[PDB]
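A.B. asks: Below you'll find entry-v1.cif; it's mmCIF, C-alpha atoms.
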```cif
data_target
#
loop_
_atom_site.label_atom_id
_atom_site.label_comp_id
_atom_site.auth_asym_id
_atom_site.auth_seq_id
_atom_site.Cartn_x
_atom_site.Cartn_y
_atom_site.Cartn_z
CA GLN E 1 26.08 -33.70 25.95
CA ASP E 2 27.42 -30.81 23.87
CA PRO E 3 26.31 -27.35 25.09
CA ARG E 4 24.18 -26.22 22.13
CA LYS E 5 26.65 -26.73 19.29
CA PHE E 6 24.39 -24.76 16.94
CA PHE E 7 23.58 -21.06 17.14
CA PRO E 8 21.37 -19.99 14.22
CA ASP E 9 21.56 -16.27 13.60
CA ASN E 10 18.35 -14.26 13.67
CA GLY E 11 17.73 -13.70 9.97
CA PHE E 12 16.11 -10.31 10.57
CA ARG E 13 19.56 -8.93 11.37
CA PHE E 14 20.70 -9.45 7.77
CA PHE E 15 18.40 -6.63 6.67
CA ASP E 16 19.35 -3.01 7.40
CA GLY E 17 16.16 -1.10 8.11
CA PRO E 18 15.99 2.63 8.74
CA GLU E 19 16.17 4.35 12.11
CA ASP E 20 13.19 6.67 11.75
CA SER E 21 14.21 9.68 13.83
CA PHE E 22 11.94 12.48 15.01
CA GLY E 23 14.04 14.91 12.97
CA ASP E 24 16.62 17.38 14.26
CA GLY E 25 17.25 19.02 10.89
CA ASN E 26 15.80 19.76 7.48
CA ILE E 27 13.97 17.44 5.04
CA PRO E 28 15.63 15.76 2.02
CA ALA E 29 14.99 17.12 -1.45
CA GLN E 30 13.86 13.80 -2.96
CA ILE E 31 12.34 10.60 -1.61
CA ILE E 32 14.43 7.41 -1.47
CA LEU E 33 12.11 4.82 -2.99
CA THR E 34 12.45 1.05 -2.65
CA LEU E 35 9.83 -1.07 -4.41
CA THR E 36 9.65 -4.80 -3.68
CA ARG E 37 7.44 -7.51 -5.09
CA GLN E 38 7.37 -11.01 -3.50
CA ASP E 39 11.11 -11.38 -2.77
CA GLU E 40 13.09 -9.43 -5.37
CA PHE E 41 13.10 -5.65 -5.76
CA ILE E 42 12.57 -3.78 -9.02
CA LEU E 43 13.75 -0.52 -7.44
CA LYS E 44 16.29 -0.25 -4.61
CA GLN E 45 16.77 3.11 -2.91
CA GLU E 46 16.35 5.15 -6.08
CA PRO E 47 16.04 8.94 -5.67
CA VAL E 48 12.59 9.97 -6.89
CA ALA E 49 10.65 13.24 -6.83
CA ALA E 50 7.08 12.06 -6.22
CA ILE E 51 4.76 9.06 -6.14
CA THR E 52 0.99 8.56 -6.34
CA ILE E 53 -0.67 5.51 -4.81
CA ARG E 54 -4.15 4.01 -4.98
CA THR E 55 -5.54 2.89 -1.61
CA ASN E 56 -8.82 1.61 -0.23
CA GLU E 57 -9.74 4.94 1.37
CA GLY E 58 -8.84 6.64 -1.92
CA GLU E 59 -6.01 7.88 -4.12
CA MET E 60 -3.03 9.44 -2.34
CA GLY E 61 0.13 11.32 -3.24
CA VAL E 62 3.47 11.70 -1.50
CA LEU E 63 6.48 14.01 -1.49
CA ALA E 64 9.70 14.31 0.49
CA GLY E 65 9.22 14.22 4.24
CA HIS E 66 5.56 13.23 4.06
CA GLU E 67 3.96 12.41 7.40
CA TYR E 68 4.83 9.02 8.85
CA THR E 69 2.24 6.51 7.72
CA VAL E 70 1.59 2.93 6.71
CA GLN E 71 -1.34 1.64 4.69
CA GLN E 72 -2.81 -0.82 2.21
CA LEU E 73 -2.69 -0.52 -1.57
CA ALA E 74 -5.83 -1.06 -3.61
CA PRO E 75 -5.39 -3.51 -6.50
CA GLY E 76 -4.66 -1.11 -9.33
CA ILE E 77 -1.98 1.13 -10.79
CA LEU E 78 0.84 3.08 -9.17
CA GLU E 79 2.32 6.26 -10.64
CA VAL E 80 5.88 7.46 -10.03
CA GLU E 81 7.57 10.69 -11.11
CA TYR E 82 11.34 11.14 -11.11
CA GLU E 83 13.18 14.45 -10.77
CA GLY E 84 13.59 14.51 -14.56
CA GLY E 85 9.89 15.06 -15.25
CA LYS E 86 9.39 11.59 -16.72
CA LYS E 87 6.99 9.01 -15.29
CA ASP E 88 6.81 5.30 -14.54
CA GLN E 89 3.58 3.35 -14.06
CA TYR E 90 3.36 -0.09 -12.45
CA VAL E 91 0.38 -2.41 -12.22
CA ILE E 92 0.33 -3.89 -8.72
CA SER E 93 -1.49 -6.61 -6.78
CA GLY E 94 -2.11 -5.20 -3.32
CA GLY E 95 0.66 -4.35 -0.90
CA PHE E 96 1.68 -2.09 1.95
CA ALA E 97 3.15 1.39 1.57
CA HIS E 98 5.53 2.43 4.36
CA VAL E 99 6.16 6.22 4.23
CA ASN E 100 8.45 7.94 6.74
CA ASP E 101 9.00 11.43 8.15
CA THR E 102 12.68 11.30 7.18
CA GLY E 103 11.50 10.79 3.61
CA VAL E 104 11.71 7.15 2.58
CA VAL E 105 9.24 4.82 0.86
CA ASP E 106 9.08 1.04 1.26
CA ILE E 107 6.22 -0.31 -0.85
CA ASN E 108 6.07 -4.08 -0.36
CA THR E 109 3.79 -5.69 -2.96
CA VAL E 110 2.94 -9.09 -4.40
CA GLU E 111 3.32 -8.25 -8.09
CA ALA E 112 4.68 -5.27 -10.01
CA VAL E 113 4.57 -5.21 -13.83
CA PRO E 114 5.08 -2.27 -16.23
CA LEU E 115 2.24 -1.10 -18.44
CA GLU E 116 4.26 -1.89 -21.57
CA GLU E 117 3.84 -5.66 -21.11
CA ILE E 118 0.02 -5.48 -21.00
CA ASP E 119 -2.48 -5.48 -23.88
CA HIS E 120 -5.99 -4.04 -23.66
CA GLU E 121 -7.21 -6.74 -26.06
CA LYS E 122 -6.46 -9.59 -23.66
CA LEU E 123 -8.02 -7.54 -20.85
CA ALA E 124 -11.19 -7.14 -22.92
CA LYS E 125 -12.21 -10.79 -22.79
CA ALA E 126 -11.40 -10.96 -19.09
CA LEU E 127 -13.83 -8.11 -18.46
CA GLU E 128 -16.95 -9.98 -19.59
CA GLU E 129 -15.49 -13.09 -17.94
CA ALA E 130 -15.51 -11.17 -14.65
CA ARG E 131 -19.01 -9.84 -15.34
CA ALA E 132 -20.34 -13.34 -16.03
CA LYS E 133 -18.65 -14.59 -12.86
CA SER E 134 -20.27 -11.80 -10.85
CA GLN E 135 -23.69 -12.42 -12.41
CA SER E 136 -23.39 -16.19 -11.98
CA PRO E 137 -25.19 -16.65 -8.62
CA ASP E 138 -22.63 -18.54 -6.54
CA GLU E 139 -20.57 -17.48 -3.53
CA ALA E 140 -17.55 -19.33 -4.95
CA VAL E 141 -17.66 -17.49 -8.32
CA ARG E 142 -19.52 -14.26 -7.52
CA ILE E 143 -16.78 -12.84 -5.29
CA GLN E 144 -14.15 -14.08 -7.75
CA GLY E 145 -15.89 -12.05 -10.44
CA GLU E 146 -16.22 -9.04 -8.17
CA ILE E 147 -12.48 -9.20 -7.51
CA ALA E 148 -11.55 -9.80 -11.14
CA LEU E 149 -13.59 -6.73 -12.04
CA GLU E 150 -11.99 -4.92 -9.09
CA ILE E 151 -8.60 -5.42 -10.75
CA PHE E 152 -9.69 -4.92 -14.39
CA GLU E 153 -11.70 -1.71 -13.89
CA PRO E 154 -8.67 0.36 -12.77
CA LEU E 155 -6.81 -0.99 -15.79
CA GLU E 156 -9.88 -0.40 -17.95
CA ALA E 157 -9.88 3.29 -17.01
CA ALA E 158 -6.08 3.64 -17.01
CA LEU E 159 -5.81 2.34 -20.58
CA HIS E 160 -8.63 4.47 -21.98
CA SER M 1 -18.73 -9.15 -0.17
CA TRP M 2 -15.55 -11.23 -0.34
CA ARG M 3 -14.30 -10.49 3.19
CA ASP M 4 -17.14 -12.09 5.17
CA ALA M 5 -17.31 -15.01 2.71
CA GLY M 6 -14.51 -16.69 4.70
CA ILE M 7 -11.58 -16.17 2.33
CA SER M 8 -8.49 -14.46 3.70
CA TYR M 9 -6.68 -11.33 2.58
CA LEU M 10 -3.88 -13.60 1.36
CA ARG M 11 -6.20 -15.58 -0.88
CA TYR M 12 -7.45 -12.20 -2.12
CA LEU M 13 -3.95 -11.05 -3.10
CA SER M 14 -3.10 -14.38 -4.73
CA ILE M 15 -6.35 -14.31 -6.71
CA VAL M 16 -5.61 -10.79 -7.94
CA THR M 17 -2.08 -11.85 -8.91
CA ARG M 18 -3.43 -14.93 -10.69
CA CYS M 19 -5.74 -12.64 -12.66
CA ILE M 20 -3.03 -10.10 -13.50
CA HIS M 21 -0.70 -12.75 -14.89
CA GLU M 22 -3.35 -13.71 -17.46
CA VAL M 23 -3.81 -10.30 -19.07
CA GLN M 24 -0.16 -9.30 -19.47
CA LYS M 25 1.48 -9.88 -22.83
CA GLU M 26 3.56 -12.93 -23.71
CA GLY M 27 7.30 -12.64 -23.17
CA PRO M 28 10.12 -13.66 -20.83
CA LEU M 29 8.42 -11.74 -18.02
CA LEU M 30 5.23 -13.78 -18.20
CA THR M 31 7.28 -16.89 -19.00
CA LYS M 32 8.94 -16.46 -15.60
CA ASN M 33 6.16 -14.97 -13.49
CA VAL M 34 3.55 -17.63 -14.29
CA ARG M 35 5.71 -19.76 -12.00
CA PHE M 36 4.77 -17.28 -9.26
CA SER M 37 1.05 -18.09 -9.71
CA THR M 38 0.88 -21.77 -10.73
CA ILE M 39 -0.37 -24.08 -7.96
CA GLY M 40 1.53 -27.36 -7.81
CA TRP M 41 2.26 -28.01 -4.14
CA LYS M 42 0.41 -30.39 -1.84
CA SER M 43 0.21 -31.39 1.82
CA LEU M 44 0.84 -34.72 3.54
CA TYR M 45 0.64 -36.05 7.08
CA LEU M 46 2.31 -39.30 8.04
CA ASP M 47 0.20 -42.21 9.28
CA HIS M 48 1.71 -44.97 11.43
CA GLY M 49 3.65 -46.01 8.32
CA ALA M 50 1.70 -44.66 5.33
CA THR M 51 1.30 -41.25 3.70
CA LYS M 52 -1.98 -39.33 3.66
CA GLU M 53 -3.08 -35.87 2.53
CA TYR M 54 -3.96 -33.31 5.21
CA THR M 55 -6.70 -31.82 3.02
CA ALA M 56 -8.13 -29.47 5.67
CA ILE M 57 -6.85 -26.46 3.66
CA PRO M 58 -7.31 -26.51 -0.14
CA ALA M 59 -4.59 -25.06 -2.34
CA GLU M 60 -7.08 -23.64 -4.84
CA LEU M 61 -8.03 -20.07 -4.03
CA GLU M 62 -11.77 -20.20 -4.76
CA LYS M 63 -12.47 -22.59 -1.88
CA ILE M 64 -12.79 -21.68 1.80
CA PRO M 65 -10.78 -23.43 4.55
CA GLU M 66 -12.77 -25.19 7.25
CA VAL Q 1 -7.76 29.94 19.44
CA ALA Q 2 -7.77 26.27 20.40
CA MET Q 3 -8.54 25.31 16.81
CA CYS Q 4 -5.37 27.20 15.94
CA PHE Q 5 -3.52 25.35 18.71
CA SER Q 6 -5.12 21.96 18.05
CA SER Q 7 -3.77 21.84 14.50
CA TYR Q 8 -0.31 22.47 15.94
CA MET Q 9 -0.71 19.67 18.49
CA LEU Q 10 -1.67 17.13 15.85
CA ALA Q 11 0.92 18.50 13.43
CA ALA Q 12 3.88 18.09 15.77
CA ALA Q 13 2.47 14.68 16.67
CA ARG Q 14 2.22 13.74 13.00
CA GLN Q 15 5.61 15.38 12.35
CA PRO Q 16 7.92 16.51 15.20
CA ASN Q 17 10.44 17.83 12.67
CA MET Q 18 8.04 20.54 11.46
CA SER Q 19 6.91 21.72 14.92
CA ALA Q 20 9.40 24.60 14.77
CA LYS Q 21 8.27 25.95 11.39
CA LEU Q 22 4.53 25.83 12.09
CA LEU Q 23 4.62 27.68 15.42
CA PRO Q 24 5.03 31.19 13.90
CA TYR Q 25 1.82 30.60 11.95
CA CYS Q 26 0.00 29.44 15.06
CA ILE Q 27 1.14 32.62 16.79
CA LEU Q 28 0.11 34.62 13.72
CA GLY Q 29 -3.40 33.21 13.49
CA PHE Q 30 -3.76 33.34 17.26
CA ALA Q 31 -2.91 37.02 17.62
CA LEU Q 32 -4.93 37.92 14.52
CA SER Q 33 -7.88 35.95 15.94
CA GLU Q 34 -7.60 37.56 19.38
CA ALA Q 35 -7.41 40.99 17.73
CA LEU Q 36 -11.13 40.89 16.96
CA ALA Q 37 -11.88 40.23 20.62
CA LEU Q 38 -9.47 43.04 21.47
CA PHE Q 39 -11.45 45.47 19.31
CA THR Q 40 -14.69 44.14 20.78
CA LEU Q 41 -13.39 44.98 24.25
CA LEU Q 42 -12.35 48.36 22.83
CA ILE Q 43 -15.99 48.82 21.81
CA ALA Q 44 -16.99 47.79 25.33
CA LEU Q 45 -14.76 50.53 26.77
CA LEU Q 46 -15.79 53.19 24.24
CA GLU Q 47 -19.51 52.57 24.62
CA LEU Q 48 -19.38 53.70 28.26
CA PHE Q 49 -16.29 55.59 29.37
CA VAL Q 50 -16.69 58.46 26.85
CA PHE Q 51 -20.48 58.58 26.42
CA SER Q 52 -22.76 59.87 29.17
#
```
Just give me the structure of the file as structure tokens.

C.D. replies:
Amino acid sequence: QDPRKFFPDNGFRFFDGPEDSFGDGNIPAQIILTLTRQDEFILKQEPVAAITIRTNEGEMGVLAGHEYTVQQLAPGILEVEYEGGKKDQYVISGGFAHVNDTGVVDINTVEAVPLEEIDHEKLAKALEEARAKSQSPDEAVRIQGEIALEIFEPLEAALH
Amino acid sequence: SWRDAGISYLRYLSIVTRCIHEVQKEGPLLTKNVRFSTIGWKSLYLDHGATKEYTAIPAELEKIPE
Amino acid sequence: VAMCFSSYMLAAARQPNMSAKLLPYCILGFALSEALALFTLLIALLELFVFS
């Protein structure tokens, strides 16, 4: 026989992840952010001044050279602040924030949409839909209503 | 709560995404991203010669696998 | 004292890069915590070795 004609490359090698070092110098002046929904990024290694996440334990904020950490993202909004004083908000659907001591952010999410493409009016009907689902006694619809309200209530308070 | 009900964290994320795609305004963004929430796939396992659906895991997110 | 040191231990663990910049403030709060015990021992010496 032929001695293993094929040799498929390990696909992980195609990506170029960081080498998170313990740090033998100073800290950078601005985080290098990289936001990714399902497969495609909306932001790739952009310099940014600050970022504010919403997590299950609570609401967090980050700057350059924040302590190394990794954690969930509550289904809600995400605030970002560039060095130019402006801001950028993104509605998200869960995810995992990956902050580094070098100063780097890799927020892998499922969905990421700007606020501009959302209307409070369409959210309004979905509120009472979620409330009716929660009040409808059924394990198949109750938790679906609790989750729908879990995602509308942050938007409900972010819009107002 | 929803955790102990038997659904996974992945069904949780997909449900949240399916809810978020509803509320956002109509445009090319929604016109594309509804593809990322529509359920159209299926499962099949081959018999001796015939095709049959391995329905042990539903595609709809409200149900619970068993 | 150890509460001043403990924060350093976690800090360098949470961030080795900053272990050099936080140590002067551990030394600062340590010496300025031990100063009150120093003056208490000074009281201990003054209560006896000058009074009859």

A.B. asks: Starting from the PyMOL selection byres ((chain M) within 9 of (chain E)), expand the selection into actual residues of this file and give them as a list in words.

C.D. replies: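 The output of the PyMOL selection byres ((chain M) within 9 of (chain E)) on this file is residues 1, 2, 5, 12, 13, 14, 15, 16, 17, 19, 20, 22, 23, 24, 25, 26, 27, 29, 30, 36, 62, 63 and 64 of chain M.
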
A.B. asks: Could you state the separation of CA of residue 158 (chain E) and CA of residue 45 (chain E) in Å, given to one decimal place?

C.D. replies: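 The value is 26.9 Å.
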
A.B. asks: What is the distance between CA of residue 68 (chain E) and CA of residue 10 (chain Q), in Å to one decimal?

C.D. replies: 12.5 Å

A.B. asks: Could you give me, as CSV, every chain Q residue with an atom at most 7 Å from chain E, plus its closest atom pair and distance in Å to one decimal, counting only C-alpha atoms, rows ordered by chain then number?

C.D. replies:
```
residue,atom,partner,partner_atom,distance
Q:14,CA,E:67,CA,6.0
Q:15,CA,E:67,CA,6.0
Q:16,CA,E:22,CA,5.7
Q:17,CA,E:23,CA,4.6
```

A.B. asks: Can you translate the PyMOL selection byres ((chain E and resi 54-60) around 9) into the concrete residues it hits in this file, as a ChimeraX atom specification?

C.D. replies: /E:51-53,61-62,71-79,94

A.B. asks: For the PyMOL selection byres ((chain Q and resi 24-38) around 9), applied here, can you spell out every residue it catches as JSON, numbers by chain?

C.D. replies: {"Q": [1, 2, 4, 5, 7, 8, 20, 21, 22, 23, 39, 40, 41, 42, 43]}

A.B. asks: Kindly give the distance, in Å, that separates CA of residue 3 (chain M) and CA of residue 159 (chain E), rounded to a single decimal.

C.D. replies: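 Atom-to-atom, CA of residue 3 (chain M) to CA of residue 159 (chain E), that is 28.3 Å.
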
A.B. asks: Please identify all polymer residues within 12 Å of residue 57 (chain M), counting all atoms listed in the file, omitting same-chain residues fewer than 2 positions from it, and present them as a list in words.

C.D. replies: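 Non-adjacent residues within range: residues 7, 11, 42, 43, 44, 53, 54, 55, 59, 60, 61, 62, 63, 64, 65 and 66 of chain M.
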
A.B. asks: Taking only N, CA, C and O atoms, show region 13-45 of chain Q of the given structure as an mmCIF file, in the first residue's frame.

C.D. replies:
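The file below, selection_3.cif, is the result:
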```cif
data_model
loop_
_atom_site.group_PDB
_atom_site.id
_atom_site.type_symbol
_atom_site.label_atom_id
_atom_site.label_comp_id
_atom_site.auth_asym_id
_atom_site.auth_seq_id
_atom_site.Cartn_x
_atom_site.Cartn_y
_atom_site.Cartn_z
ATOM 1 N N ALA Q 13 0.441 37.331 41.567
ATOM 2 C CA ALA Q 13 -0.174 36.169 40.943
ATOM 3 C C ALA Q 13 -1.117 36.610 39.835
ATOM 4 O O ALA Q 13 -1.036 36.127 38.700
ATOM 5 N N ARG Q 14 -2.022 37.538 40.149
ATOM 6 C CA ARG Q 14 -2.946 38.035 39.143
ATOM 7 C C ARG Q 14 -2.244 38.833 38.054
ATOM 8 O O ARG Q 14 -2.766 38.922 36.939
ATOM 9 N N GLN Q 15 -1.080 39.406 38.347
ATOM 10 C CA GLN Q 15 -0.344 40.194 37.367
ATOM 11 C C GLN Q 15 1.139 40.219 37.726
ATOM 12 O O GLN Q 15 1.563 41.061 38.527
ATOM 13 N N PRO Q 16 1.959 39.320 37.170
ATOM 14 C CA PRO Q 16 3.400 39.379 37.464
ATOM 15 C C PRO Q 16 4.062 40.659 36.993
ATOM 16 O O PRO Q 16 5.071 41.076 37.576
ATOM 17 N N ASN Q 17 3.527 41.291 35.948
ATOM 18 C CA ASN Q 17 4.154 42.490 35.400
ATOM 19 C C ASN Q 17 4.171 43.632 36.406
ATOM 20 O O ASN Q 17 5.114 44.432 36.419
ATOM 21 N N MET Q 18 3.151 43.722 37.254
ATOM 22 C CA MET Q 18 3.015 44.816 38.206
ATOM 23 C C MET Q 18 3.625 44.514 39.571
ATOM 24 O O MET Q 18 3.512 45.347 40.476
ATOM 25 N N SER Q 19 4.288 43.367 39.741
ATOM 26 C CA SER Q 19 4.844 43.027 41.047
ATOM 27 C C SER Q 19 5.938 44.000 41.466
ATOM 28 O O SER Q 19 6.167 44.196 42.664
ATOM 29 N N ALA Q 20 6.615 44.624 40.502
ATOM 30 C CA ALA Q 20 7.686 45.556 40.829
ATOM 31 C C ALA Q 20 7.156 46.905 41.295
ATOM 32 O O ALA Q 20 7.767 47.539 42.163
ATOM 33 N N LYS Q 21 6.029 47.356 40.745
ATOM 34 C CA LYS Q 21 5.499 48.671 41.082
ATOM 35 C C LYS Q 21 4.690 48.677 42.370
ATOM 36 O O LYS Q 21 4.560 49.735 42.994
ATOM 37 N N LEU Q 22 4.150 47.534 42.782
ATOM 38 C CA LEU Q 22 3.359 47.465 44.003
ATOM 39 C C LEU Q 22 4.191 47.248 45.255
ATOM 40 O O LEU Q 22 3.708 47.527 46.358
ATOM 41 N N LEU Q 23 5.420 46.761 45.115
ATOM 42 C CA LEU Q 23 6.220 46.441 46.292
ATOM 43 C C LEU Q 23 6.568 47.671 47.125
ATOM 44 O O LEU Q 23 6.559 47.557 48.364
ATOM 45 N N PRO Q 24 6.909 48.832 46.548
ATOM 46 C CA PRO Q 24 7.130 50.013 47.397
ATOM 47 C C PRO Q 24 5.936 50.373 48.257
ATOM 48 O O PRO Q 24 6.123 50.842 49.384
ATOM 49 N N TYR Q 25 4.714 50.085 47.807
ATOM 50 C CA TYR Q 25 3.549 50.427 48.612
ATOM 51 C C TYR Q 25 3.253 49.362 49.652
ATOM 52 O O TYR Q 25 2.714 49.688 50.718
ATOM 53 N N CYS Q 26 3.738 48.138 49.438
ATOM 54 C CA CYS Q 26 3.681 47.139 50.494
ATOM 55 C C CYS Q 26 4.700 47.455 51.573
ATOM 56 O O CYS Q 26 4.402 47.344 52.766
ATOM 57 N N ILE Q 27 5.872 47.943 51.174
ATOM 58 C CA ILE Q 27 6.872 48.338 52.153
ATOM 59 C C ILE Q 27 6.382 49.559 52.915
ATOM 60 O O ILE Q 27 6.567 49.669 54.134
ATOM 61 N N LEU Q 28 5.730 50.484 52.208
ATOM 62 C CA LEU Q 28 5.228 51.697 52.832
ATOM 63 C C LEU Q 28 4.178 51.370 53.885
ATOM 64 O O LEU Q 28 4.308 51.764 55.052
ATOM 65 N N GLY Q 29 3.131 50.633 53.495
ATOM 66 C CA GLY Q 29 2.114 50.294 54.471
ATOM 67 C C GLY Q 29 2.598 49.347 55.544
ATOM 68 O O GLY Q 29 2.112 49.421 56.677
ATOM 69 N N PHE Q 30 3.657 48.585 55.272
ATOM 70 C CA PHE Q 30 4.182 47.689 56.289
ATOM 71 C C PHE Q 30 4.914 48.478 57.358
ATOM 72 O O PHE Q 30 4.687 48.280 58.556
ATOM 73 N N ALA Q 31 5.831 49.351 56.942
ATOM 74 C CA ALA Q 31 6.584 50.134 57.912
ATOM 75 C C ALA Q 31 5.661 51.072 58.674
ATOM 76 O O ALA Q 31 5.801 51.234 59.892
ATOM 77 N N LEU Q 32 4.691 51.679 57.987
ATOM 78 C CA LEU Q 32 3.772 52.587 58.660
ATOM 79 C C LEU Q 32 2.662 51.864 59.415
ATOM 80 O O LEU Q 32 1.854 52.528 60.071
ATOM 81 N N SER Q 33 2.608 50.533 59.339
ATOM 82 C CA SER Q 33 1.780 49.734 60.233
ATOM 83 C C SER Q 33 2.577 49.294 61.453
ATOM 84 O O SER Q 33 2.069 49.324 62.579
ATOM 85 N N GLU Q 34 3.828 48.894 61.228
ATOM 86 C CA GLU Q 34 4.735 48.490 62.293
ATOM 87 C C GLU Q 34 5.191 49.668 63.146
ATOM 88 O O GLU Q 34 5.678 49.459 64.262
ATOM 89 N N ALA Q 35 5.016 50.899 62.662
ATOM 90 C CA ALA Q 35 5.377 52.066 63.460
ATOM 91 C C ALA Q 35 4.515 52.187 64.712
ATOM 92 O O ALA Q 35 4.996 52.620 65.764
ATOM 93 N N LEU Q 36 3.235 51.826 64.618
ATOM 94 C CA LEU Q 36 2.376 51.910 65.794
ATOM 95 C C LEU Q 36 2.767 50.887 66.852
ATOM 96 O O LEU Q 36 2.737 51.192 68.052
ATOM 97 N N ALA Q 37 3.238 49.713 66.435
ATOM 98 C CA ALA Q 37 3.775 48.764 67.400
ATOM 99 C C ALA Q 37 5.109 49.246 67.945
ATOM 100 O O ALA Q 37 5.435 48.992 69.111
ATOM 101 N N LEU Q 38 5.882 49.952 67.119
ATOM 102 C CA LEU Q 38 7.132 50.537 67.586
ATOM 103 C C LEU Q 38 6.864 51.523 68.713
ATOM 104 O O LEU Q 38 7.519 51.486 69.759
ATOM 105 N N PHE Q 39 5.903 52.427 68.510
ATOM 106 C CA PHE Q 39 5.576 53.398 69.548
ATOM 107 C C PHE Q 39 4.881 52.755 70.743
ATOM 108 O O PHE Q 39 5.010 53.260 71.864
ATOM 109 N N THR Q 40 4.226 51.608 70.558
ATOM 110 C CA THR Q 40 3.698 50.897 71.716
ATOM 111 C C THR Q 40 4.834 50.308 72.545
ATOM 112 O O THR Q 40 4.804 50.356 73.781
ATOM 113 N N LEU Q 41 5.851 49.760 71.884
ATOM 114 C CA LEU Q 41 7.019 49.283 72.614
ATOM 115 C C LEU Q 41 7.767 50.443 73.262
ATOM 116 O O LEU Q 41 8.351 50.286 74.342
ATOM 117 N N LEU Q 42 7.768 51.607 72.613
ATOM 118 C CA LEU Q 42 8.342 52.799 73.225
ATOM 119 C C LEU Q 42 7.601 53.153 74.506
ATOM 120 O O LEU Q 42 8.219 53.538 75.506
ATOM 121 N N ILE Q 43 6.273 53.022 74.493
ATOM 122 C CA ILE Q 43 5.499 53.216 75.716
ATOM 123 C C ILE Q 43 5.897 52.180 76.753
ATOM 124 O O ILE Q 43 5.981 52.476 77.949
ATOM 125 N N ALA Q 44 6.112 50.941 76.314
ATOM 126 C CA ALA Q 44 6.484 49.878 77.241
ATOM 127 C C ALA Q 44 7.806 50.198 77.928
ATOM 128 O O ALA Q 44 7.992 49.902 79.114
ATOM 129 N N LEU Q 45 8.733 50.812 77.192
ATOM 130 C CA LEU Q 45 10.040 51.157 77.746
ATOM 131 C C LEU Q 45 9.964 52.397 78.632
ATOM 132 O O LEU Q 45 10.628 52.465 79.679
#
```
